[PDB]
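> quick one: initial chain(s) of a complex, as found there:
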Amino acid sequence: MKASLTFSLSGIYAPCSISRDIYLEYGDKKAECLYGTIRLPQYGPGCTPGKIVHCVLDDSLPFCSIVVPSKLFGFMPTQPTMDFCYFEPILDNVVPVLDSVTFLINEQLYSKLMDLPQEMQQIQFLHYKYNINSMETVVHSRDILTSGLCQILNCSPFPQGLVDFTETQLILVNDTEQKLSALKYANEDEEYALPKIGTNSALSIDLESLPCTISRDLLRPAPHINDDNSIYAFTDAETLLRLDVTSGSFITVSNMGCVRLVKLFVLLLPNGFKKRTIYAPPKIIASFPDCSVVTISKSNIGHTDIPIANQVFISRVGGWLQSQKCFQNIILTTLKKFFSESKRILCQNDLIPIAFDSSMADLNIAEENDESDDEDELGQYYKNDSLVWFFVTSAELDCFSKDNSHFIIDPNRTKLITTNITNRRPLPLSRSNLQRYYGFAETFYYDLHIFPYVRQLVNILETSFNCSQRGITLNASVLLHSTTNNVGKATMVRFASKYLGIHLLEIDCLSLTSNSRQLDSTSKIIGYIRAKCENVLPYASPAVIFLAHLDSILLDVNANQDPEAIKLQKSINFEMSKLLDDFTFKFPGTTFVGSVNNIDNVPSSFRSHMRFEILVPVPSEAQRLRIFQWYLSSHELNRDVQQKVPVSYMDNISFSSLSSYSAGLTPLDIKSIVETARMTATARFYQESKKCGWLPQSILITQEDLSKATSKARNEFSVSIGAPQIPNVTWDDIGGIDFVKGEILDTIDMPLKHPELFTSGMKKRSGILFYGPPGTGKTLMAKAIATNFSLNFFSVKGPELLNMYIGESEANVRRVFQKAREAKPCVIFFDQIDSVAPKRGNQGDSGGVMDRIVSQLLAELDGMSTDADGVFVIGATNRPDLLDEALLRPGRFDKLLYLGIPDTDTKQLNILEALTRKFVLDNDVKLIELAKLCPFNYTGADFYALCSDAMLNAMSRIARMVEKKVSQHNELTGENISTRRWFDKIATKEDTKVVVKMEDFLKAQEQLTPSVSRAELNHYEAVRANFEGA
């Protein structure tokens, strides 16, 4: 509900107070004090999370009104205040008590508390200082305690709740941090820092634009006339009180150009805006393009002057989002609506924004003319999603007039007259956004330090026009391509265009292409591009033309296809190349952007007509940290959920723990992650919504749901060859268990640059070729290190993915190493190299009908290995007799690394016990050492086969115990029947609780469980590891 909002200078922790009507109607006597919730009229689409409030009766307050302590929000009497709120009483009175709170305090009072000998002295002094009362005090994280001096950091479990001094654990913090000086409430500032002056000519000061529109009910002075925000402008009372007006009735503006007329309004305290500017709708900033930033004027121009235009011409500004044929009906309709709905003020040489809903094709609604209002209700079931400019000429005003620069249009009198083109520069996004104001599906945004190649493309386009045209012309063409196929490369253009104010045309010739049959539809494609562009390219001042998916059109030439079709390809290639230059003849300053998903398929016959190309890689850690910040920022996460309850993350999120551990190689579409989380978080919210113990009144994301989401995203893509980073537990890189473990870390610690920022260009990498423990271990070993000192395990799966097809399979090697390197930091596991089994040309593959894997692997990954960065090998060879030793040598991939199998003296017996753990051994004695009754040289993975046999023996014991219980089940059932029901309906715990007490690991071991290997083959490995494996 809405209630009248008012303020007091009372302390932040004092109770609010409510008008007698609210107190009598909603003061439930089951509670000593009425709890409630507040929200304010925040600007824009979002909303603040509803803040709990505590209140008391006051019969003096006007009907349906609230007083709140100004310092709760940080308001001050130095500026005009708000007047109404969203409120609710907390029905059912239940409110959570916080598990803990953290406080941060200046050094003086911090030390004065920390040196106190007892807890209650600290508590009571805090109570005195801040008027905090146990149980009753409402608190939120980031709440102020005193500006300059102390603040409330965080709360648990919820970010808001009640404090109990006996059970809310109190955490007290100081660090002398200068951030205390940044505590300034919402205001604390002496305005006389601009000293008073008796008169001024124009008060020229910076003009800027809002991040959003302003809802009409916010318009505090509320002029009675129905009139348009498009004429309104908004700023503080500061500077306004330096004029001789408030809520100014008449303002006019010019900045070394034409004049605009505007109306002024005051912005209120809750904003986070600049301390000094005027904020305007973009309708202003369509004038003064990218400049003209500072000058205004105010005078009594008139209350109802300029009331007509006898004739005008109004114009399409033109643009691909405008000039295409099928949108015309709705744009013209909403255009006439813009003039029909009210009188409005216009200037000569002036721009009106108009927006519409796409996909309104075929649907015409307002078939009946006039009648009762309907357009506005559709206009609130609509919400706009594409935006275009219309331009109006000067009015042909009758007779002589001193006013010759501005005019009013209204539904009566003169009609709209359309005219062909009026070319105009699109606004640069850094001067003012537009999408944000209209809340459209938003062009992503960059900071130019972290992404290189956006800066590259920017530097191309920014120079080729504006900075060039002072001199001789220069066209440009660029091709964009990427190894990975979802990299967002099209979105790059959507960005850079708006960033540089480049007028964009974009072409969906991927499929919107008529008959388009490559092998038949002869030339229609070329007509489709040419005749389309020709109708819209002329009289666009800059121009970039962007084609999606050139692989739809261009293709290679091969023996496999009809020469007739090949000559069709030839014709299309040639005419495309000619039209590409023809734009450079007919339409000066045109620039061309191509995009291709696989660079090889465009023949060099076209590729020669590049001016540049860019490899766009998959992003890396610093980029991913930026990109998650985007998706989890408030306004983009919210705007599409129409549900009134807002959504947010909470700042305990670890963007760094996402950035790598959670993100690996993942091929963008992090969107999929954030949406998967948003669903799951919403589910638990609607779960508790079933009148459960509390309702935190906001959807709150949590790290656990991000972890679940990312792990799901690695397996829902079930075809994916990859693997997660953490297949390892209890085995976290125990570098002290043996010397060899003490040396695996060398190959990772060094390229982690901890010894130096290595040159990436001298010493060959100490990649490891692991004999290790030859019999068993290797399956674990690489995974164990990979999780605990590295970051992924995407691995070559070495036996698979050799393509049989003629001359193809080099593609799979080049792809696998590309996909490996595409994750910056982590190894590839390689099985036995017998997965490749390179074997020098004889007694096998014989190097003839197959060479394609090894003939690549000898080279390209060794090139990377010699630059010695990012990616590392950890192969697990056992049978070098099967291999050619063209690798496995000091010249390429050295460090033939051996460990052997421990003879009998092992801590690994203790670690065997430690991993039979997680399941109970009832004995007090550990009884492990009797396993050493095994004859020596035995210590293989069969340790855990023996734990399996012991567990199965416990299972057999409990199985025969339940069989005995079944046999006597007549003791509690009329028959020894229904066993499959009985165990479930009795279920007296006893849930397979483990019985390792029977020590049956020896009872297995004494059988000489022959899956162990102990033969001379082990001696063979043990000797040859030294004799040849070194």
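Looks like it arrived, so ask away. Residues are numbered from 1 along each chain as shown, chains lettered A, B, ... in the order given.

> Stretch A:442-461: which residues count as buried?
A:443, A:446, A:451, A:454, A:455, A:457, A:458, A:460, A:461 (16 or more other Cβ atoms under 10 Å). Bear in mind the C-beta positions are built from the backbone N, C-alpha and C, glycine included.

> which stretches of the stretch 101-250 of chain A form strands?
Along the stretch 101-250 of chain A, the segments classed as strands by DSSP state E, counting those that start in this stretch run A:138-140, A:144-146, A:150-156, A:160-162, A:169-173, A:207-209, A:232-235.

> So which of these is nearest residue A:742?
The closest of these to residue A:742 is strand A:169-173. By Cβ to Cβ, the value is 40.2 Å.

> Tell me which strands the closest one pairs with, and in which orientation.
strand A:100-105 (parallel) (DSSP bridges).

> Let's see the partner strand as PDB, backbone CA atoms only.
This file holds the C-alpha atoms of strand A:100-105, laid out as PDB (Å, rounded to 0.1, in the frame of the first residue of the first chain):
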ATOM      1  CA  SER A 100      25.400 -12.500  13.900                       C
ATOM      2  CA  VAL A 101      26.200  -8.900  13.100                       C
ATOM      3  CA  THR A 102      29.600  -7.200  12.300                       C
ATOM      4  CA  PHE A 103      30.400  -3.700  13.400                       C
ATOM      5  CA  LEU A 104      33.300  -1.500  12.300                       C
ATOM      6  CA  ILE A 105      34.400   1.400  14.500                       C
END
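
> Just give me the closest of the buried residues of stretch A:442-461 to residue A:311.
residue A:443 (38.4 Å).

> hang on, the closest one in a helix?
No. Counting by DSSP: H, G, I helix; E, B strand; the rest coil, residue A:443 falls outside a helix, being coil.

> Can you give the contact residues for the helix or strand hosting residue A:656?
When elements are assigned from DSSP states H and E, residue A:656 belongs to helix A:655-657. Residues from elsewhere that reach helix A:655-657 (Cβ atoms under 8 Å, 6 or more residues apart in numbering): A:625, A:628, A:629, A:703.

> The same query, at a cut-off of 7 Å, please.
The contact list for helix A:655-657 (Cβ atoms under 7 Å, 6 or more residues apart in numbering) reads A:625, A:628, A:629.

> just stretch A:234-253 next, same as before
A:79-80, A:191, A:200, A:203, A:205, A:214, A:221, A:259-267, A:278-279, A:296-301.

> If we use 8 Å, what do you get?
Against stretch A:234-253 from outside (Cβ under 8 Å, 6+ apart): A:79-80, A:191, A:194, A:197, A:200, A:203, A:205, A:210, A:214, A:221, A:233, A:259-267, A:276-280, A:284, A:295-303.

> Give me the buried entries from these.
Buried among those by 16+ other Cβ under 10 Å: A:79, A:205, A:210, A:214, A:233, A:259-267, A:277-280, A:284, A:295-296, A:298, A:301.

> and the lengthiest helix in chain A, which residues are buried?
In chain A, taking DSSP state H as the definition, the longest helix is helix A:942-967. Residues A:942-943, A:945-947, A:949-951, A:953-954, A:958, A:965-966 are the ones in helix A:942-967 that count as buried (16+ other Cβ under 10 Å).

> ok so, going back, in strands, which of the contacts of stretch A:234-253 appear?
The members of these that map onto strands under DSSP state E are A:233, A:259-266, A:278-280, A:297-298.

> just to revisit the earlier point, need the next SSE after the helix holding residue A:656, C-terminal direction.
helix A:670-688.

> which outside residues touch that following helix?
Here helix A:670-688 has contacts from A:624, A:627-628, A:631-632, A:637, A:641, A:645, A:647, A:663, A:666, A:694-696, A:699-702, A:705-706, A:708-710, A:712-713, using Cβ under 8 Å, 6+ apart.

> Just give me the neighbour total for residue A:632.
21 (other Cβ atoms under 10 Å).

> again, but for residue A:24
Neighbours of residue A:24 using other Cβ under 10 Å come to 11.

> And what about it, helix, strand or coil?
The three-state label given to residue A:24 by three-state DSSP is helix.

> add chain B to what we have:
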Amino acid sequence: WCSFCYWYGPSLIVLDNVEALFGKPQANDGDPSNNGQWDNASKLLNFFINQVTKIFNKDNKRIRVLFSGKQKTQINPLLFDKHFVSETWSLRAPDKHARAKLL
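One more piece, chain B, placed on the ones above:
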């Protein structure tokens, strides 16, 4: 279809046999070159996914879609690659008790 869908508010679409509209031919051999990744049907599928994705990002309440088919993998590559699909189910040969109720 999309035009009607946006009109009727919260709405749902199904396609009883998606294989006919958007099944990639299983032979993987419509052309030997890379453009086998964009035969005519897959071209339709991409157009559809683009339209839907664009309207969906405006307001997720408005349209969902159900695809019924033969084998969850065998529909189409692009359908998974773009993360258009997600939450999923399958029917299984009914158990004896339900089998009795059916009979």
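
> now with chain B: the contacts of helix A:670-688?
If you take Cβ atoms under 8 Å, 6 or more residues apart in numbering or on different chains as the criterion, helix A:670-688 is touched by A:624, A:627-628, A:631-632, A:637, A:641, A:645, A:647, A:663, A:666, A:694-696, A:699-702, A:705-706, A:708-710, A:712-713, B:83, B:86.

> interface residues of chain B facing chain A?
Residues of chain B lying close to chain A (Cβ under 8 Å from any Cβ of the partner chain) are B:2-3, B:6-7, B:31-35, B:37-38, B:40, B:43-44, B:46-47, B:50-51, B:54-55, B:57-61, B:73, B:80-83, B:86.

> Mind naming the longest helix for chain B?
Per DSSP H, chain B has its longest helix at helix B:40-56.

> Please name every helix or strand in contact with whichever helix or strand comes after that one.
Next helix or strand after helix B:40-56 toward the C-terminus (DSSP H and E): strand B:63-67. Applying 3 or more Cβ pairs under 8 Å, 6 or more residues apart in numbering or on different chains; DSSP states H and E, one finds that strand B:63-67 contacts helix B:2-7, strand B:11-15, helix B:40-56.

> can I get the CA coordinates of the helix or strand hosting residue A:1020 in CSV?
Element membership for residue A:1020 (DSSP H and E) is helix A:1016-1027. Below are the C-alpha coordinates for helix A:1016-1027, written out as CSV (Å, rounded to 0.1, in the frame of the first residue of the first chain):
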residue,chain,number,x,y,z
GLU,A,1016,58.9,-60.7,-13.2
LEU,A,1017,57.0,-58.2,-15.4
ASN,A,1018,57.2,-55.8,-12.4
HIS,A,1019,60.9,-56.5,-12.1
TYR,A,1020,61.2,-55.9,-15.9
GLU,A,1021,59.6,-52.4,-15.5
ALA,A,1022,61.6,-51.7,-12.3
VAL,A,1023,64.9,-52.4,-14.1
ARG,A,1024,64.2,-50.9,-17.5
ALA,A,1025,63.0,-47.7,-15.9
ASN,A,1026,66.6,-47.1,-14.9
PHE,A,1027,68.3,-48.9,-17.8
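
> ok so, going back, which neighbouring elements make contact with the longest helix of chain A?
helix A:908-916, helix A:979-986, helix A:1000-1005.

> for it, the distance to its chain's centre please.
Chain-centre distance of helix A:942-967: 50 Å, with Cα atoms, centre = their mean, to the nearest Å.

> between it and helix A:979-986, what angle do the directions make?
Regarding helix A:942-967 and helix A:979-986, their directions subtend 90 degrees when assessed with axes from the mean of the first three to the mean of the last three Cα atoms, to 10 degrees.

> Spatially central, which residue of chain B would that be?
residue B:67 (4.1 Å; Cα atoms, centre = their mean).

> How many residues are close by the closest residue to residue B:16 other than its chain neighbours?
Distance criterion Cβ to Cβ, 6 or more residues apart in numbering or on different chains; nearest residue to residue B:16, sequence neighbours excluded, is residue B:68 at 5.7 Å. Using other Cβ atoms under 10 Å in any protein chain shown, residue B:68 is surrounded by 10 other residues.

> For stretch A:883-901, C-alpha coordinates in CSV please.
C-alpha atoms of stretch A:883-901 as CSV (Å, rounded to 0.1, in the frame of the first residue of the first chain):
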residue,chain,number,x,y,z
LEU,A,883,56.8,-46.5,-29.0
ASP,A,884,59.3,-45.0,-31.5
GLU,A,885,61.1,-42.7,-28.9
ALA,A,886,60.8,-39.8,-31.4
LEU,A,887,59.2,-38.1,-28.4
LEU,A,888,60.2,-39.3,-24.9
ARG,A,889,63.6,-37.8,-25.4
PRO,A,890,65.8,-34.8,-24.3
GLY,A,891,65.2,-33.0,-27.6
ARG,A,892,61.4,-33.0,-27.1
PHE,A,893,59.4,-33.9,-23.9
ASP,A,894,62.1,-35.1,-21.5
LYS,A,895,61.7,-35.9,-17.7
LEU,A,896,61.1,-39.6,-18.1
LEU,A,897,59.9,-39.8,-14.5
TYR,A,898,59.8,-43.0,-12.4
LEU,A,899,58.7,-43.8,-8.8
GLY,A,900,58.3,-47.6,-8.6
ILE,A,901,56.0,-49.4,-6.1
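
> Which residues does it contact?
Contacts of stretch A:883-901 (Cβ under 8 Å, 6+ apart): A:738, A:740, A:743, A:747, A:764, A:766-775, A:777, A:833-834, A:837-840, A:854, A:857-858, A:862, A:865, A:873, A:877, A:880, A:937, A:939-940, A:1018, A:1022, A:1025-1026, A:1029-1030.

> Many thanks, we can stop here.
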